[PDB]
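1. The data below comprise the sequence and an experimental structure of the protein.
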Amino acid sequence: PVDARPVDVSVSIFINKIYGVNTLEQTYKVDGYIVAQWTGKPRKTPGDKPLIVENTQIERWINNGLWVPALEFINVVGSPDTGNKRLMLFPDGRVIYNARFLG
Amino acid sequence: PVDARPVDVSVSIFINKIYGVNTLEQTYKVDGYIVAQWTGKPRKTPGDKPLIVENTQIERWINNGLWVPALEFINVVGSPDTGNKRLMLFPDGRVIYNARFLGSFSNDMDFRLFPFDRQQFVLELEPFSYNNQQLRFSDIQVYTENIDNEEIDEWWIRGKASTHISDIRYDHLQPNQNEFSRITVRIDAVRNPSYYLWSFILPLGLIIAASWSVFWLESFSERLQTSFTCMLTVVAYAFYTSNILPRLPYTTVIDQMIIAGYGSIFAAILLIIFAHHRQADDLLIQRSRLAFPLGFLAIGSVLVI
Amino acid sequence: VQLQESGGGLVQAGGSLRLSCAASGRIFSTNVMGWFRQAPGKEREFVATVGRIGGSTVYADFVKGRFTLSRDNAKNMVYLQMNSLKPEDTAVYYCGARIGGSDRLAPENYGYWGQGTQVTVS
Amino acid sequence: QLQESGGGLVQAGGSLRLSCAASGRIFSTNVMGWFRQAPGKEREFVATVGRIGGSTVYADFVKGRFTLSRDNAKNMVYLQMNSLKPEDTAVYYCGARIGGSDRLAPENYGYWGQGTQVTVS
């Protein structure tokens, strides 16, 4: 009957370039990486080492019950171009999400 | 009995074409093939022969545990347009990945000396997820296009392709796990100044020179009025150039000529009025038909320092 | 722009040194400075310099995590903490300033070289 | 101007090494290609360099029997022809690609040489 504390998410954003200003639309392009890190459910990993799950393999882990919350860019115009993405899954429950974006 | 040593990856890059330079964004397009090779654990194949797996089928093998690491283009802009891709699996354990790619790549480009600028088109490659304890590049080879005649091409490739293999250490990231292996390719090129010398620079010189002829008119009214048509001719020419030449955040060589033209015609206008309204004599100082082109070229020389 | 290296000397295999490069003149930052080296008979080869993105640093393949680049933008200096030295590292370590281009690893894109500091490993 | 040489009579199964000397405004031997023409038949492609480095284009009848190489020092190309058969009997010409967008098209070649006869019994 006692509620669970919120999940803390640490975020690191890496900005490569800001360009393509469109004065009339008041927009601009940003290329970079976004890293989000939280602690979820403990799990087994090969050799108890950190596990790397890349791109389309991430969706297979989601279907089987891994929690990966959607982080939205509030002020992005349209769907951003996502390049490579990666999950690093630790045995203790830690998850690190890393993705390349252009929007 | 595992093998914890880093996986050595040999890379070959076939560059089909470099084009589509965007000057303001400092980007360019590259079409080519990327070939990556490493040695894994041996396996059995149909008929003890190399096994080919194309496109979608590759995904089925990754689900079965086949290790196929993502290699990111560090300096690509957006997701590159990957065409056909293929894996070749040998019984002895070799794995070769091959893919056609089209992408836009960024780099530090300086166009101030345009149209006589030289550029370094660069490709930077790095594993997306595996540090140099798990995946390290062992060699890089680059093959480019065979050129017939370069007079038709916008850029001229001076020298063979340069390559580097270095390590990138990231502070934001166990000890010795924060370092990634990186390949760098560099293609040195020089612009073809032909088109810009004959259609842009030369006509602009005749215009500036032609504006010096106002000193040969035999009347103040004629000297001051024709100067305005000259001014109007430089402005009409600045539009023709801007409509074709690339956009930049700084001036080029052609932009400075245009400014020199504005300054010449404006200076002549001040001289025409001074000569005529300082005394009541005038025609004799207007015999600076030689002194003005030299002063322009004189300043025109100290501008080249 | 004038650069002056310092910190060289003699050391035995497995030792340590701390090279320093002082920049004097018109420099926008120390990001543009990079360490190089040249042994007798060998070309002048890249050693280290800052990376394009913050927190990253580019090291030659032979560094193998031994050297570490650091900077004091206030004092306008960069340091190279060299550890676990080996005989192969003996050379004259210069200090260049990136004069443009997009190849941090290319000596041809560096200039204003210093007098150089000698480092010798036995 | 182009000049061929190295032809002659050879027994079915033998080899020959054709040579094409190039003279004049030719920055590289890449533009050069080999052709052949038998009596009554049309001039057909044989071999020239590929667009991308390391590639070479060969006619479908070559079947790995011929090999085009180049000596940029002497500004030349060589056609090493092995496993020759009576079907290969023809006059072999050397041409220089003068533009166009088809390495395999005779229409895009000029400066042809006199040709050198290859005859196989």
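-> Arrived safely, thanks for sending. Residues are numbered from 1 along each chain as shown, chains lettered A, B, ... in the order given.

2. how far away is the residue nearest the centre of chain C from residue B:194?
-> In chain C, the residue lying closest to the centroid (C-alpha atoms, centre = their mean) is residue C:35, at 1.8 Å. In this view, residue C:35 and residue B:194 are 41 Å apart by C-beta to C-beta, to the nearest Å. In short, each C-beta sits where N, CA and C put it, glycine included.

3. Quick one: neighbours of residue 75, just the number.
-> Defaulting to chain A. Residues lying near residue A:75 (other C-beta atoms under 10 Å in any protein chain shown) number 7.

4. I was after chain C.
-> Neighbours around residue C:75, by other C-beta under 10 Å: 11.

5. Give the helix, strand or coil label for the residue of chain A found nearest chain C.
-> Closest to chain C within chain A is residue A:14: 5.8 Å, counting by C-beta to the nearest C-beta. Assigned with DSSP: H, G, I helix; E, B strand; the rest coil, residue A:14 falls in the strand class.

6. beta partners for the closest residue to it other than its chain neighbours?
-> In space, and not counting its chain neighbours, residue A:14 is closest to residue A:33: 4.3 Å by C-beta to C-beta, 6 or more residues apart in numbering or on different chains. Taking DSSP bridges as the rule, residue A:33 bridges to residue A:14, residue A:100.

7. The nearest residue to residue B:94 once chain neighbours are set aside: neighbour count?
-> In this structure, residue B:94 finds its nearest non-sequential neighbour in residue B:39, 5.5 Å apart by C-beta to C-beta, 6+ apart. The tally of other residues near residue B:39 (other C-beta under 10 Å) stands at 14.

8. quick one, what contacts residue B:39?
-> B:7, B:8, B:92, B:93, B:94, B:95 (C-beta atoms under 8 Å, 6 or more residues apart in numbering or on different chains).

9. Please report phi then psi for it.
-> phi -110, psi 120 (degrees, to the nearest 10).

10. how much space is there between it and chain C?
-> Distance, residue B:39 to chain C, by C-beta to the nearest C-beta, to the nearest Å: 20 Å.

11. still on that earlier bit, which residues does the residue nearest to the centre of chain C bridge with?
-> On the basis of DSSP bridges, residue C:35 is bridged to residue C:48, residue C:95.

12. likewise residue B:95?
-> Going by DSSP bridges, residue B:95 forms beta bridges with residue B:38, residue B:89.

13. where exactly do the strands run in chain A?
-> A:10-22, A:27-39, A:51-54, A:81-89, A:94-102 (DSSP state E).

14. With the stretch 101-250 of chain B instead?
-> Taking DSSP state E, counting those that start in this stretch as the test, the strands found in the stretch 101-250 of chain B are B:118-127, B:135-143, B:155-157, B:162-170, B:179-191.

15. what would the ones you listed look like in TSV with mean neighbour count?
-> Converted to TSV, these look like this (neighbours: other C-beta atoms under 10 Å in any protein chain shown):
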stretch	mean neighbour count
strand B:118-127	21
strand B:135-143	18
strand B:155-157	17
strand B:162-170	20
strand B:179-191	21
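
16. Let me have those strands in JSON lines, extended by distance to chain C.
-> As requested, the strands of the stretch 101-250 of chain B are arranged in JSON lines below (distance: least, C-beta to the nearest C-beta, whole Å):
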{"stretch": "strand B:118-127", "distance to chain C": "5"}
{"stretch": "strand B:135-143", "distance to chain C": "9"}
{"stretch": "strand B:155-157", "distance to chain C": "15"}
{"stretch": "strand B:162-170", "distance to chain C": "5"}
{"stretch": "strand B:179-191", "distance to chain C": "5"}
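
17. Does the residue nearest to the centre of chain C touch residue C:19 like I think?
-> Yes - counting by C-beta atoms under 8 Å, residue C:19 is a contact partner of residue C:35 at 7.2 Å.

18. Give me the common contacts of these two.
-> Both residue C:35 and residue C:19 are contacted by C:80, C:93, under the criterion C-beta under 8 Å, 6+ apart.

19. now the end-to-end length of stretch B:82-99.
-> End-to-end span of stretch B:82-99 (C-alpha to C-alpha, to the nearest Å): 7 Å.

20. Pull the residues that contact that stretch.
-> Contact with stretch B:82-99 is made by B:33-45, B:48-55, B:58, B:61, B:66, B:68, B:100-102, as judged by C-beta under 8 Å, 6+ apart.

21. Which ones among those lie within helices?
-> Mapping the contacts of stretch B:82-99 onto helices (DSSP state H) picks out B:58, B:61.

22. The contacts of stretch B:82-99, buried ones only, as a PyMOL selection?
-> Burial among those is assessed by 16 or more other C-beta atoms under 10 Å in any protein chain shown; the matching PyMOL selection reads:
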select buried, chain B and resi 33+34+35+36+37+38+53+58+66+68+100+101
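
23. one step back: format the strands of the stretch 101-250 of chain B as CSV; extra columns: distance to residue A:19.
-> CSV is the format used below for the strands of the stretch 101-250 of chain B (distance: least, C-beta to C-beta, whole Å):
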stretch, distance to residue A:19
strand B:118-127, 17
strand B:135-143, 27
strand B:155-157, 22
strand B:162-170, 23
strand B:179-191, 22
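
24. now the strand or helix carrying residue B:295, how far from the centre of its chain.
-> Using DSSP states H and E, residue B:295 sits within helix B:291-302. Relative to its chain's centre, helix B:291-302 lies at 33 Å (C-alpha atoms, centre = their mean, to the nearest Å).

25. neighbouring contacts of that helix?
-> Here helix B:291-302 makes contact (C-beta under 8 Å, 6+ apart) with B:208, B:209, B:212, B:215, B:260, B:264, B:267, B:268, B:271.

26. now stretch C:1-13
-> For stretch C:1-13, contacts defined as C-beta under 8 Å, 6+ apart pick out C:17-27, C:33, C:80, C:85-87, C:93-97, C:112-122.

27. related to what we said a few turns ago, can you tell me which of the contacts of helix B:291-302 are buried?
-> B:208, B:212, B:215, B:260, B:264, B:268, B:271.

28. What spatial separation is found between the fifth one and chain C?
-> The span separating residue B:264 from chain C equals 32 Å under the rule C-beta to the nearest C-beta.

29. same thing with the last one?
-> Residue B:271 sits at a distance of 38 Å from chain C (criterion: C-beta to the nearest C-beta).

30. Just give me the residue right at the centre of chain B.
-> Closest-to-mean residue, chain B, C-alpha atoms, centre = their mean: residue B:119 / 5.1 Å.

31. How about that one: which residues does it bridge to?
-> Per DSSP bridges, the residues bridged to residue B:119 are residue B:189.

32. Out of the buried ones among the contacts of helix B:291-302, which is nearest to chain D?
-> For these, the minimum distance to chain D (C-beta to the nearest C-beta) is 35.8 Å, reached by residue B:208.

33. roughly how far apart are that closest one and residue B:273?
-> According to C-beta to C-beta, residue B:208 stands 20 Å off from residue B:273.

34. and what of residue B:211?
-> 16 Å.

35. I'd say residue B:153 and residue B:192 touch.
-> Yes - using C-beta under 8 Å, residue B:153 is in contact with residue B:192, at 6.7 Å.

36. ok now do residue A:100, which residues does it touch?
-> By C-beta under 8 Å, 6+ apart, the residues touching residue A:100 are A:32, A:33, A:82, A:83, A:84, A:85, B:72, B:128.

37. Mind giving me the PyMOL select for these, buried ones only?
-> If you want just the buried ones from the contacts of residue A:100 in PyMOL, going by 16+ other C-beta under 10 Å, the selection is:
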select buried, (chain A and resi 32+33+83+84+85) or (chain B and resi 72+128)
